[PDB]
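**Q** okay, here's the opening piece of the assembly, coordinates as they are in the complex:
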Amino acid sequence: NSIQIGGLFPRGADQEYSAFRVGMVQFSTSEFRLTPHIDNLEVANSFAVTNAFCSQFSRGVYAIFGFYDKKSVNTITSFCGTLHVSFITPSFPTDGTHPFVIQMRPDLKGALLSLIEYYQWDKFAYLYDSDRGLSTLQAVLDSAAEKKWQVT
């Protein structure tokens, strides 16, 4: 009763995969297991991800574990939304509600707002990389008016 799963891993993900490989071992039972198809791909390229997602759809997996990037994120969300494929990933949470998506990464933006309150900050600098995204920076700039912040 072997069950197949999609495995989308970036190239440099050595420990992420090292922990993934350990994950399946500690959880496989005597009546079923997991048969992942691992595609080491450059996750930023939307075409590579799109071509890789279908490389798993034709193989007929029952769920896909992977990652995504600010550029390729909207590629996976609407793809799993129409094909009813279930996608599980630790990449950053979807900006909005996108169905058939499982985000292990807990919402970091909600916790950061509470930290700045206890420290009683008023003016500070916010450093962000447009690569990782800015969904968290957007949140602190939105609440910058209600809570009196002068973000540089």
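**A** Sure, I can see it. Residues are numbered from 1 along each chain as shown, chains lettered A, B, ... in the order given.
**Q** from now on I want contacts and neighbour counts done on CA atoms only, so please keep to that.
**A** Will do.
**Q** which ones are touching residue A:43?
**A** By Cα atoms under 8 Å, 6 or more residues apart in numbering, residue A:43 lies in contact with A:9-10, A:49, A:67-69, A:72.
**Q** any figure for the gap between it and residue A:9?
**A** Distance, residue A:43 to residue A:9, by Cα to Cα, to the nearest Å: 8 Å.
**Q** what do the two both touch?
**A** Contacts common to residue A:43 and residue A:9, judged by Cα under 8 Å, 6+ apart, are residue A:67.
**Q** please report the distance of the residue most central in space within chain A from residue A:16.
**A** Closest to where the C-alpha atoms of chain A average out (Cα atoms, centre = their mean) is residue A:91, at 1.9 Å. Distance of residue A:91 to residue A:16, given as Cα to Cα: 12 Å.
**Q** how about the contacts made by the residue nearest to the centre of chain A?
**A** Residue A:91 neighbours (Cα under 8 Å, 6+ apart): A:67-69, A:103-105.
**Q** switch to 6 Å and redo it
**A** Neighbouring residues of residue A:91 by Cα atoms under 6 Å, 6 or more residues apart in numbering: residue A:67.
**Q** state the distance from it to residue A:123.
**A** 30 Å.
**Q** show me the helices in chain A, by range?
**A** Using DSSP state H, the helices assigned to chain A run over residues A:15-27, A:46-57, A:73-83, A:108-118, A:135-142.
**Q** contact partners of the second one?
**A** Contacting residues not belonging to helix A:46-57 are listed as residue A:72 [Cα under 6 Å, 6+ apart].
**Q** just give the nearest non-adjacent residue to residue A:44, would you?
**A** residue A:69 (5.5 Å; Cα to Cα, 6 or more residues apart in numbering).
**Q** tally of neighbours for the one you found?
**A** 20 (other Cα atoms under 10 Å).
**Q** was I right to think it contacts residue A:45?
**A** No: assessed by Cα atoms under 6 Å, residue A:69 is found out of contact with residue A:45, at 8.6 Å.
**Q** now do the contacts for residue A:125.
**A** A:151-152.
**Q** for it, phi and psi?
**A** Per-residue torsions, residue A:125: phi -110, psi 140 (degrees, to the nearest 10).
**Q** how close does it sit to residue A:85?
**A** In terms of Cα to Cα, residue A:125 sits 41 Å off from residue A:85.
**Q** swap in residue A:54?
**A** Noted for residue A:54: a distance of 11 Å to residue A:85, by Cα to Cα.
**Q** looking at these two, which is more packed in?
**A** residue A:85 (20 against 12).
**Q** what sits against residue A:100?
**A** A:81, A:86.
**Q** try 10 Å this time
**A** Neighbour list for residue A:100: A:63, A:76-88 [criterion: Cα atoms under 10 Å, 6 or more residues apart in numbering].
**Q** for residue A:111, state which of those residues is nearest.
**A** Of all the contacts of residue A:100, residue A:88 has the smallest distance to residue A:111: 22.4 Å, by Cα to Cα.
**Q** slot chain B in:
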Amino acid sequence: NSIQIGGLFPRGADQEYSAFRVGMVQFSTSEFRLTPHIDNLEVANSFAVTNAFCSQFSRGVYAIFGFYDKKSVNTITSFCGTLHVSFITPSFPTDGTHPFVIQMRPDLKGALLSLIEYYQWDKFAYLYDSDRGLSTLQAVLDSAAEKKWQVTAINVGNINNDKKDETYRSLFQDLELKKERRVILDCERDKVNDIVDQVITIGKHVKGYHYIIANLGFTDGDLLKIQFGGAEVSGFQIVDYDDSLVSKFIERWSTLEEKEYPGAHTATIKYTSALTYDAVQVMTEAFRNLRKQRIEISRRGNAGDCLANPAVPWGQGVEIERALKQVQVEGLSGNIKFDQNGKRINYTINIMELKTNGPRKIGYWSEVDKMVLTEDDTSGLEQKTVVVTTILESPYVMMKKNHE
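**A** With chain B now in place:
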């Protein structure tokens, strides 16, 4: 004589499509002609975008004219960079240099950054919409820390239309904390008309407020509702109706029947649509130069499934890129030209101040020259009722015994 191209259109973009049809007729010669394949699809559904793009790559086109959303721009750009397929679009330019992309929309980022510097602003609001990329937001924020600006950036895009009256009143309750009187609206021409009607409801459009619409269709959206409140309104117009070329187009435009051409019986045209008419002229002259250059571009056979691994790029797409990126014509958006990346270059955005007499061509910019127009001759001397304030305190200001 037949050239195949792919067309990706939002289903709620009819004038944007009506302008495309008129362009085929005005640039159809007897030497050759272009042939479209239209798929009305959802612009935000990148899966539909992927299904539409591969529908054209399997039919074997030479270039694709379409749009994209933030949720799909990366889908369009990534396929064109690998399959060497040229893409022409009037949507927002890509956040970076992407090959085989011919962005018809010019970069507004340079305009706003010095329209701010013209009025001498150092603190303002910035209500943006992520539907057209966070490119503009990073620009103002990067320049905010350099000039020690104090900006308030609000992701006004993600708001529900059912609780729109209690949240908009709440936003201005938040913007009232700093008594903000200088705002920049960075929504599409649709959500702008929603904010406009809600600024009127709370009366935040009188003497004192000053807004800047950050899109290339100032005269497109409805401006008559906030024109007389007393608040100065600035913006940007790309379709300079003063040019005789546009008027030549607008005359033939205003007489067209509306059942056959939706959204075309009026005197103005949306900047999204005006760029589309100008897009055809680019593609027409692109291939006409491939002809005169004695260049053979026709496909050698079935392009196959787009998901072909490894992705084989047809070499002549390089020549199509070089053909499209070396076009140079004139249309409704003024001048038209492209770099080696496909970005708009050598253009002119008319800056318009909304006075009491309507949109006024006050200024304009360029990627080399910033704010350089002398004041329009039309105006009125001593039309400014200067507002003066004082305090009732005898005997400085006493109400006459017959003050009623």
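**Q** please reconsider the contacts of residue A:91 now that chain B is part of the model.
**A** A:66-70, A:73, A:102-106, A:132 (Cα atoms under 10 Å, 6 or more residues apart in numbering or on different chains).
**Q** so which pair among those is furthest apart in space?
**A** It's A:102 and A:132 that sit farthest apart of the contacts of residue A:91, by Cα to Cα, at 18.8 Å.
**Q** who has more neighbours, the two?
**A** residue A:102 (16 against 13; other Cα atoms under 10 Å in any protein chain shown).
**Q** surely the more buried one meets residue A:85?
**A** No: Residue A:102 lies out of contact with residue A:85 (Cα atoms under 10 Å); the separation is 11.0 Å.
**Q** picking that back up, also within reach of chain B: list those from the contacts of residue A:91.
**A** Residues of the contacts of residue A:91 in contact with chain B (Cα under 10 Å from any Cα of the partner chain): A:70, A:73.
**Q** drop anything exposed from the contacts of residue A:91.
**A** Buried members of these, scored by 16 or more other Cα atoms under 10 Å in any protein chain shown, are A:66-70, A:73, A:102-103.
**Q** restricted to strands, list the contacts of residue A:91.
**A** A:102-103 (DSSP state E).
**Q** as CSV, the contacts of residue A:91 with distance to residue A:24 would be great.
**A** Shown next, in CSV, are these (distance: Cα to Cα, whole Å):
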residue, distance to residue A:24
A:66, 14
A:67, 17
A:68, 21
A:69, 24
A:70, 28
A:73, 25
A:102, 18
A:103, 18
A:104, 16
A:105, 19
A:106, 22
A:132, 28
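**Q** which of the contacts of residue A:91 lies closest to chain B?
**A** Distances from chain B to the contacts of residue A:91, taken as Cα to the nearest Cα, are shortest for residue A:73 (8.2 Å).
**Q** the closest one - nearest residue in space that isn't next to it in sequence?
**A** residue A:94 (7.7 Å; Cα to Cα, 6 or more residues apart in numbering or on different chains).
**Q** identify the residue nearest residue A:131 in space, chain neighbours excluded?
**A** residue A:70 is the one closest to residue A:131 (Cα to Cα, 6+ apart), at 6.9 Å.
**Q** would you mind measuring from that neighbour to residue A:132?
**A** Counting by Cα to Cα, the gap from residue A:70 to residue A:132 is 7 Å.
**Q** okay, and the common contacts of the two?
**A** Counting by Cα under 10 Å, 6+ apart, the common neighbours of residue A:70 and residue A:132 are A:91-92.
**Q** wouldn't the residue nearest to residue A:131 be in contact with residue A:133 here?
**A** Yes: counting by Cα under 10 Å, residue A:70 touches residue A:133, with 5.9 Å between them.
**Q** and for the two, which residues touch both?
**A** residue A:92.
**Q** buried stuff in stretch A:30-41?
**A** Going by neighbour count (16+ other Cα under 10 Å), the buried part of stretch A:30-41 is A:34, A:36-39.
**Q** export those to CSV and tack on distance to chain B?
**A** Output for those, formatted as CSV (distance: Cα to the nearest Cα, whole Å):
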residue, distance to chain B
A:34, 26
A:36, 20
A:37, 17
A:38, 16
A:39, 13
